[PDB]
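Below you'll find only one chain, the form deposited in one PDB entry, shown as structure tokens.
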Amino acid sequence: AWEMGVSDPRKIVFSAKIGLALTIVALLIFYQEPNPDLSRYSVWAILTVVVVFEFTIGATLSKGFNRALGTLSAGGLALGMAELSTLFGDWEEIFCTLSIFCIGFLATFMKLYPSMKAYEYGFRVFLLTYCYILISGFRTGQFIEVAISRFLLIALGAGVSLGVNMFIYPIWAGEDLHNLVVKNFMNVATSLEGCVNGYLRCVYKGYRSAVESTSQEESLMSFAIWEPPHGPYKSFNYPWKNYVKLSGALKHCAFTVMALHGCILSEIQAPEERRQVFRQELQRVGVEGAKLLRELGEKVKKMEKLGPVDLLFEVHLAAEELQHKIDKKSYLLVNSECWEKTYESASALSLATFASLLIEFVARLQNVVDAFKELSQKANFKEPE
């Protein structure tokens, strides 16, 4: 509660913005000139604020659009069917009650398609609008006055919501993706260092977050394409997809780290005294990889191009040194006596897996640099100082 508000102050301004919009609409409802029709249909404006106010501007824009589509299509269809119902003079209510079944069936069958799982809020508004207009106009045969009035109030509630959301400390969806990429770049480095230290001792959250947030990075990219130019990102078409490409290149590397963490939990493990022979090349490889990942993160955050010096030189030097050390001492990995128990053979052969995995991680590091260069070229990044 209070501890969470003090930890993050971005969650105490959104609630007060919603309270302010609600108080404004309420003041306009209480302090208005009395009239017969408004009196009974005036609560339709304070209930739209509670249904259209979202955390970011892009979603607010993207979802309000779908809801409006659902509403206008349902209203037009309902009005057309209500007009057509007259022809069957003898059985008006039979046809009207036979149209609800066919529309509920079609609207429930079209929302179970696997590609429409994220759009159920647009099918619910369609069913609600269709039913309400048919069941609310049967008495007094008024179908063009029960919609034109009840739509202006919804428009006014959505206008107040959008104005308050957009002009009082806006929160943007491209600034949560630019930040998420930088956070993942540091989590992967922390996980790698923790894994190498845990293995050499006499790690989970980082790679789990960097391997499981692809959907967050696709929703934020589907919300950031609706927002107008602002701040440092001033261009009509911003290359938002290159951030997803860089994130995918980093997750491909993070799989190796997940496998190195799995190696620590394996039932079959190697004698520590044998691990302490290669104790000096794994920590150097880890330190160099973590430093490289943190330098890439820092460059991405400050939006600067890569300088001339090749950042992969020291890591490749440390990996070649690892390879040489493994080559000199390969007599500890196998047993030449049997050349032509099994638990001790597997325990011995378990160290080579860890070394080969570290080596593969290094061999993969290059794709992330290539993706970063592509991103820094598509978007005009500042020249390094």
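Counting begins at 1, following the sequence as shown. Basically, rigid core = biggest C-alpha set you can superpose within 1.5 Å across the two forms.
Below, we refer to the form deposited in another entry, which is not included among the displayed structures.
For the residue set 284, 208, 291, 305, core-aligned C-alpha shifts between the shown form and the other one reach 2 angstroms or more at a single site, 305. Relative to the superposed core, residue 238 undergoes a Cα shift smaller than 2 Å between the shown form and the other one. In this overlay on the rigid core, residue 31 has a C-alpha that sits 2 Å or more away from its partner position between the shown form and the other one.
In the core-superposed comparison between the shown form and the other one, the C-alpha atom of residue 137 has shifted by at least 2 angstroms.
Inter-residue distance, residue 305 to residue 289 (Cα): increased by at least 3 Å in that other deposited form versus the depicted form. By 3 Å or more, the C-alpha separation between residue 37 and residue 65 grows in that other deposited form relative to the form shown here.
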